[PDB]
Amino acid sequence: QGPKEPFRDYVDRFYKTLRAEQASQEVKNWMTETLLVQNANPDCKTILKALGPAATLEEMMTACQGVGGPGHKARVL
Amino acid sequence: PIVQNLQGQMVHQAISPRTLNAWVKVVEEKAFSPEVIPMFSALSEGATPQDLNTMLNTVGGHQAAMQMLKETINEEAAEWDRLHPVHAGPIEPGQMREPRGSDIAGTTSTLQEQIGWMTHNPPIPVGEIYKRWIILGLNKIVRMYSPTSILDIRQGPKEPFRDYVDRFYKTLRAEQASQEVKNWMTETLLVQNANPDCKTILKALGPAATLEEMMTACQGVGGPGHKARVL
Amino acid sequence: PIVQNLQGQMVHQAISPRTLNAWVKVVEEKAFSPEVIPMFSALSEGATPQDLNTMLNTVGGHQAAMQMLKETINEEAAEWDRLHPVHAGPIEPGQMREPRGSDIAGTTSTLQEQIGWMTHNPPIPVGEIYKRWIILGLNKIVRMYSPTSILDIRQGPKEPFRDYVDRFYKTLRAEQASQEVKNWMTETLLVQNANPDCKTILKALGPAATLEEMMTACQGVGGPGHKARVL
Amino acid sequence: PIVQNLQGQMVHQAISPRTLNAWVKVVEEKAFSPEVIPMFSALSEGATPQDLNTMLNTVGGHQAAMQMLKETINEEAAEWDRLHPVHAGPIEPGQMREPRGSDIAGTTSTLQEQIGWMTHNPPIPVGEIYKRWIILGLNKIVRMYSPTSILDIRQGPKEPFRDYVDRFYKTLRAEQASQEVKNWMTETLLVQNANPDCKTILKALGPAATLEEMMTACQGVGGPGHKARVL
Amino acid sequence: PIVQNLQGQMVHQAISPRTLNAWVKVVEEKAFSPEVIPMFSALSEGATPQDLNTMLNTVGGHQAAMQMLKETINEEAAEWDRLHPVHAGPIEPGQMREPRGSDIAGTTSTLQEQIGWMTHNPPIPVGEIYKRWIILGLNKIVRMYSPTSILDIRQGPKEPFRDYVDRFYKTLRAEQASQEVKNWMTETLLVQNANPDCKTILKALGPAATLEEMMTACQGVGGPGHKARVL
Amino acid sequence: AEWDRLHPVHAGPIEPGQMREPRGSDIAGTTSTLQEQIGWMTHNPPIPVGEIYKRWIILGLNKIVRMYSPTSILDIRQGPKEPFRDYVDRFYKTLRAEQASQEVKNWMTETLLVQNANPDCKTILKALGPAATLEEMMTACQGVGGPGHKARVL
């Protein structure tokens, strides 16, 4: 996750990259658990770890507001 | 007030100066504030229409508000008789007569008629119904003389969270909106109308974030600037 | 004062200093407002003529008003003894002698006689009759020495509609105003002292000048630019 | 509430509205200061769970504080059922049923049952148990609404030592320090956060000086900015 | 407090918060001015040791003053234990046992027993003994919370003689010096530290004059038609 | 001297064949002999006179450390570009140096610690609050953090 990049754009980018990767689903799930929170923004991953592992992506998307400046509730240009 | 030493054997004890004096003192300060309604409810547990009328008769201030309350009661009494919803007909020998709204508000009913309805099976709660009409009128007065909307309650630039919360909760209490709306207001609106410095911390609270946790979170984020141990 | 117990008999005791202490403070502030009449009524629940005389002579304040009240009760008592010439002694065996006007105002009756009438079955309401005479004297003080004119019952040049309705209804209550006078004032004068927004909603408002609807509609002073009479 | 009898167990009496009216005023002016806890302790002498609920129910001010207190007591009631905490009187009553958290909270118990526990031999002290939960809420309200500031209590230049000590003790009470914390704060900060003219006397007075010695020694000299009067 | 004296039914109830709030105002707002000792002496009429403990607890959050007061009380109770070699339990079955220092302060004795001592024939005056110990400690608090020296106080430039005398007499009550010294302060010091015009008449009148003569003349001097000089 | 004021020793031994009760002077070593000092430890039960003296000595050593170490928990605050991890180490070093009691350390940890942190830095720490232990806290505050984002060659 980039220094100016909000959590939604990073997740969008990760899943776009995950489509380009052609690995088996078990490996993809294990990679998602391994990488997605870990390689994220430091304050944002700290918020997400306190949500905990059984948080849904919808809950995670609704969280982390005010990280990545204006543009994180509005469309990419 | 009504006293029962045996259940169904109602005795009326006449309302006393200390009760009236305390009630007037509550009315003098608290009528336009949501403070009056729960104290009025606590006083009105086991009340007759005669007790409720005596309570309204012992107020002499705030006449426009009193007229709006009286007009509200007259319209509730009219709507009740349009419904006619507590009924039993006239055919049967020796059975209680059907309540009118005028009977409920204690003008066309005697104390023995009022006792008869409340000692009936089902107990027909003429004092509770009249008290609810008065509570609706008090809430109408509280709404009418309310200073500003719950949506417009907002925390100043570096304002204490606790002062903002007290104003928000008073305004929320005096608001009459649905329980889900009130839950959304505590969850969302209270956090949203907080000042930016407080609000980032409030938005970063975990699952199951309590008002006590919010108070802890915003403690040291507002009020007077730091004047020691900061340089 | 008199208290009725659960098993159906009446007991007496000397007047509370809480009532006297509250009463002096009520007389200090409420004297020229019609607030005094309900608050006096609240404080005098079950009061004997002796208790009422104790309350009247307790007051050292507002002496000319007290002189007006004392003359008013003495005139009413004299007029009551004009109405009924009272027969000598009891008028049947084993029953109390009939009240005179001076017995009612406590002067020629002793405390046991006052208790005797008030503990009659049904009660002979000497305290109520005297209390009504005291209330008439209070009404004279309230009308005579009023701040508020019923002849200047039009809204001021700088006066908001919410303050105006408080003054208007208080003035009517102070006068004990006629149902006809209220009927003319509500439909004519009150509407014409209401702000243009109140006159705008006239079809929704309908007949007979609904107060909460007008209070909802009106914002600030009525007359043009908040600097002139509305009427 | 209950009142004592000279022979045998107590008798229940109806609550005074003056007591409720005073309680509403105490909540208005003193709720966020820990001096409310002694007033509440005095108020709740001989109080049933039903009386305690009536006292809480009566309040309509400071609803944010009341909500956290109500959640706090509900957690304590759940804790009573779930954790089995230690208590005064029998774990097994002889002539009454065992009290659940809901029974102690007054929800699933009758007023006669509440009287039953309190009149039992030994007494089962349900009001004393419940009011401790309420006191934990009141102590929490003081912690939430009074800024944490014990290390920041310090004497102004023209300030009396006694007011500074009084403020320090009040702040320490608001914070709710345990014995090790309370002694450490009291020993280490009290001379150190004094003003230098006052501190000079305290340093001269020396190691191990008692509070009465310090209070006596460290009195002012009445110079400019210090009062010569209270009244 | 004891609330019935001619009957044993309903003999005792808890002290009102309404009364306690007035007591809290005397300690907090009049800042331990000499009036607190006569006010406490008035409040303690027919009081139990528990009522006295309730008053000690309810000092308006003045915890620091309470610590010094309670520690003083503990010594007074300890001195009583030296004075009277009281045993546990009664001399003989059924007898009211002699009260120890612990019992008198309500530490080892419960409310029913305290009422039992006070309602015996002869009564055993446990609350009266405890009240004196509390007053002895309260006198120290009155000295400690005294604003300034008896020597430093003065009459203002246009100030009434009665205001100066009231201040001097209150300060004199707070001062702990010998009765011989206190008489010297009344006869010589008060006149000596009085302003020149007031001093000149008070010296002219001298010790042979009555208090009324001193008051009338020095009120005469200080009224309108006065220079207002302190030299 | 506190021990002596608190404990006058009346009479000799209780009976022959068991040690006398020690006064404060005996503990400090100025009235007791080496044979007495051995005698107390070789008693049944042993009387731990040296341990009693040592507890007083440790308190004096603590005063010496506090006298020569300018450490104070009252003055503490986070430095401007100071890591949160450096700041907590400095805070617990300060508590160690001043020898704070455990309940005081808990109050300092749960009340004071995040209060005297930088306002940008304290953001997520304030949101976590005193329910989160030190390990739980130390995963935070790396957004305003120093080096540690990019891997090193070691």
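Residues numbered from 1 in each chain as written, not as in the entry; some residues may be left out. Chains lettered and ligands numbered in written order. Part of a larger assembly, values for the part shown. Heavy atoms only, no water.

For this deposition, the record names cryo-EM as the technique by which the model was determined.

**Overview of the overall build of chain F**
What chain F contains, in helices and strands, is 8 helices and 0 strands. If you list the helices and strands of chain F from N to C, you get α-α-α-α-α-α-α-α. Relative to the globule expectation of 15 Å for 154 residues, the C-alpha radius of gyration of chain F, 25 Å, shows a markedly less compact shape. Viewed in the frame of its principal axes, chain F has a C-alpha envelope of about 75 × 40 × 30 Å. Taking contacts inside chain F between residues at least 6 apart in sequence as the whole, the part at least 24 apart equals 38%. Put simply, chain F has 18 plus and 17 minus side-chain charges, and the middle of one group is 9 Å from the middle of the other. (Helix = DSSP H or I, 4+ residues; strand = E, 2+ residues; numbered from the N terminus. Rg over C-alpha atoms; globule rule 2.2 N^0.38 Å. Contact = heavy atoms within 4.5 Å. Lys, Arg positive; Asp, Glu negative; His and termini not counted. Charge placed at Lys NZ, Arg CZ, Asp CG, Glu CD.)

**As for the overall build of chain A**
Assigned secondary structure in chain A consists of 4 helices and 0 strands. Mapped from its N terminus to its C terminus, chain A presents α and β elements in the order α-α-α-α. What you see for chain A is a C-alpha radius of gyration of 13 Å, in line with the 11 Å of a compact globule of 77 residues. Oriented by its inertia axes, the alpha-carbon framework of chain A measures out at about 35 × 30 × 20 Å. Relative to its full complement of 77 residues, chain A shows a buried share of 32%. Pairs at least 24 apart in sequence give 54% of the contacts found in chain A among residues at least 6 apart. Averaging the locations of the 10 positively and 9 negatively charged side chains of chain A gives two centres separated by 7 Å. (Buried < 20%, exposed > 50% of the residue type's maximum accessible area, 1.4 Å probe, protein only.)

**Examining the state of the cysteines**
All names here are of chain B. According to the stated counting rule, one finds 6 disulfides over all chains in the structure shown. What pairs with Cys 198 in a disulfide is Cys 218, and their sulfur atoms sit 2.0 Å apart. On the sign convention where negative is left-handed, the bridge of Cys 198 and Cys 218, at about 80° about the S-S bond, is right-handed. Highlighted residues: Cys 198 in helix α10 (residues 196–203) and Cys 218 in helix α11 (residues 211–218), separated in sequence by 20 residues. (Disulfide = S-S within 2.5 Å.)

**A few points about the arrangement of the chains**
Inter-chain contacts occur across 8 pairs of chains; the most extensive set of contacts lies between chains D and E. Note that chain A does not reach chain D: the shortest distance linking a C-alpha of one to a C-alpha of the other is 23 Å. Across all C-alpha pairs, the smallest distance from chain E to chain F is 20 Å, and the two are not in contact.

**Observations concerning the environment of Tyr87(F)**
Residues and elements named next belong to chain F. Among the structural elements, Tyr 87 can be located in helix α5 (residues 84–97). Overall, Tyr 87 belongs to the buried group, its relative accessible area being 0%. For the pair formed by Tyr 87 and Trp 107, sequence separation is 20 residues and the distance between their alpha carbons is 17 Å.

**Some details on the packing of helix α8 (residues 161–174) of chain E against helix α9 (residues 179–192) of chain E**
What describes two packed helices is the angle between their axes and the distance between those same axes. All names here are of chain E. Taken N-terminus to C-terminus, the directions of α8 and α9 make an angle of 155°; their axes are 11 Å apart at the nearest point. By the criterion of interaxial angle, the relationship of α8 to α9 is roughly antiparallel. Between α8 and α9 lies a crossing whose hand is right-handed. Within the contact between the two elements, α8 uses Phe 161, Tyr 164, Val 165, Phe 168, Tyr 169, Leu 172 and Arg 173 and α9 uses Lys 182, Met 185, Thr 186, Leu 189 and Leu 190. (Axes fitted to C-alpha atoms, helices over the stretch in contact; angles between N-to-C directions. Parallel < 35°, antiparallel > 145°, perpendicular 65-115°, else oblique. Left-handed = near helix turned anticlockwise from the far one by under 90°.)

**Here we look at the packing of aromatic side chains**
The final tally for this structure, using the stated rule, is 30 aromatic pairs over all chains. Among the aromatic side chains, those forming a connected cluster through ring pairs are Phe161(B), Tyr164(B), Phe168(B) and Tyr169(B). (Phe/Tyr/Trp six-rings, centres within 6.5 Å; stacked < 30°, edge-to-face > 60°.)

**Here we look at the interface of chain C and chain B**
Listed per partner, the contact involves 22 residues of chain C and 23 residues of chain B. Of the roughly 1,900 Å² buried at the junction of chain C and chain B (both faces included), carbon and sulfur atoms supply 63%. Where chain C touches chain B, the interface holds 2 salt bridges. Linking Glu212(C) and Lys140(B) is a salt bridge whose minimum nitrogen-to-oxygen distance equals 2.7 Å. Across the chain C-chain B interface, the total number found is 4 residue pairs in polar contact. When residues of the side of chain C that touches chain B are traced back to their parent elements, those giving at least two are α1 (17–30), α2 (36–43), α8 (161–175) and α12 (211–217) of chain C. Looking at the side of chain C that touches chain B element by element, the count peaks at 6 residues for α8(C). For the side of chain C that touches chain B, a count of residues per class yields 10 nonpolar, 4 polar and 8 charged. (Buried area = accessible area lost by both parts, 1.4 Å probe. Salt bridge = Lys/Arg side-chain N within 4 Å of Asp/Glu carboxyl O. Polar contact = N/O pair within 3.5 Å; in protein donor to acceptor, adjacent residues only side chain to side chain. Nonpolar A, V, L, I, M, F, W, Y, C, P; charged D, E, K, R; others polar.)

**A few points about the environment of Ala28(F)**
Residue and element names in this part refer to chain F. Secondary-structure assignment places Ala 28 in helix α2 (residues 24–28). By relative accessible area, which is 34% here, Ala 28 ends up partly exposed. Between the C-alpha atoms of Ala 28 and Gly 50, which are 22 residues apart in sequence, the distance is 8.7 Å.

**Focus: the nonpolar core**
Membership of the largest hydrophobic core comes to 83 residues, with the highest contact counts inside it found for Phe161(D), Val165(D), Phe168(D), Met185(D), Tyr130(E) and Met108(F). If you tally residues by element for this core, the top one is helix α7 (residues 126–144) of chain E, at 10 residues. Setting aside residues no more than four positions away along its own chain, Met185(D) makes contact with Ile150(D), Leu151(D), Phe168(D), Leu172(D), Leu190(D) and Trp107(F). Listed in part, the 77 residues of the second largest apolar core include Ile2(B), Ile15(C), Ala42(C) and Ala65(C). (Core = buried A, V, L, I, M, F, W, Y, C linked by side-chain atoms within 4.5 Å.)

**Some details on the pattern of salt bridges**
One pass over the structure, following the stated rule, counts 54 salt bridges over all chains. Ionic pairing is found between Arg167(B) and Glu159(B), a salt bridge with its closest N-O pair at 2.6 Å. With relative accessibility at 35%, the residue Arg167(B) sits in the partly exposed group. Here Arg100(C) ties to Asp103(C) by a salt bridge, and the two come within 2.7 Å at their closest N and O atoms. What you see here is one network of salt bridges that share partners, running through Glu29(B), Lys30(B), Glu35(B), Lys25(D) and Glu28(D).

**With respect to a nonpolar patch on the surface**
A surface patch of nonpolar side chains, about 910 Å² in accessible area, is lined by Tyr53(F), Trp56(F), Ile57(F), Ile58(F), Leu61(F), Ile64(F), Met67(F) and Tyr68(F). Overall, the relative accessible area of 45% leaves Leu61(F) in the partly exposed class. (Patch = residues over 30% accessible without salt bridge, like charges linked within 9 Å, V, L, I, M, F, W, Y side chains within 5 Å. Areas by Shrake-Rupley, 256 points an atom, 1.4 Å probe, with all protein chains shown as cover.)

**Quick look at the interface of chain D and chain E**
Between chain D and chain E, the contact holds 32 residues from the first and 43 residues from the second. Both sides of the chain D and chain E interface together cover about 3,300 Å² of buried area, and 63% of this is carbon and sulfur. On the chain D side of the interface with chain E, the three residues burying the most area are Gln4(D), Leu6(D) and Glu212(D), jointly 19% of the side's total. Our count for the contact surface shared by chain D and chain E stands at 2 salt bridges. Within the residue set of the side of chain D that touches chain E, elements represented by two or more residues are α1 (17–30), α2 (36–43), α8 (161–175) and α11 (211–217) of chain D. When residues of the side of chain D that touches chain E are assigned to their parent elements, the largest contribution, 6 residues, is made by α8(D). Here the side of chain D that touches chain E is built from residues that sort into 16 nonpolar, 6 polar and 10 charged.

**Topic: helix α1 (residues 7–20) of chain A**
All names here are of chain A. Here α1 spans 20 Å end to end across 14 residues, near enough to the 20 Å set by a 1.5 Å rise per residue. Along α1, the positions that sit buried rather than exposed are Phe 7, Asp 9, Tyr 10, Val 11, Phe 14 and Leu 18. Tucked into the core, α1 has its buried residues touching α2 (25–35), α3 (42–51) and α4 (57–62). (Expected span 1.5 Å × (residues − 1).)

**Brief notes about the packing of helix α1 (residues 17–28) of chain E against helix α2 (residues 36–43) of chain E**
Residue and element names in this part refer to chain E. It is the contact of α1 with α2, at a shortest axis distance of 10 Å, that shows an interaxial angle of 165°. The angle between α1 and α2 places the two elements in the roughly antiparallel class. When the axes of α1 and α2 are compared, the crossing they make is left-handed. On the side of α1, the interface is formed by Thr 19, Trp 23, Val 26 and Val 27, while α2 contributes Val 36, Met 39, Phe 40 and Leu 43. Tallied by class, the residues present in the contact of α1 with α2 amount to 7 nonpolar, 1 polar and no charged.

**Quick word on the side chain of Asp103(C)**
Residue and element names in this part refer to chain C. Relative to the helices and strands, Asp 103 resides in helix α5 (residues 101–104). On the basis of relative accessibility, which here comes to 0%, the residue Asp 103 falls in the buried class. In this structure the side chain of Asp 103 is engaged in a polar contact, spanning 2.7 Å, whose partner is the side chain of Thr 108. Apart from the residues within four sequence positions on either side, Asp 103 is in contact with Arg 97, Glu 98, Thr 108, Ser 109 and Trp 117.

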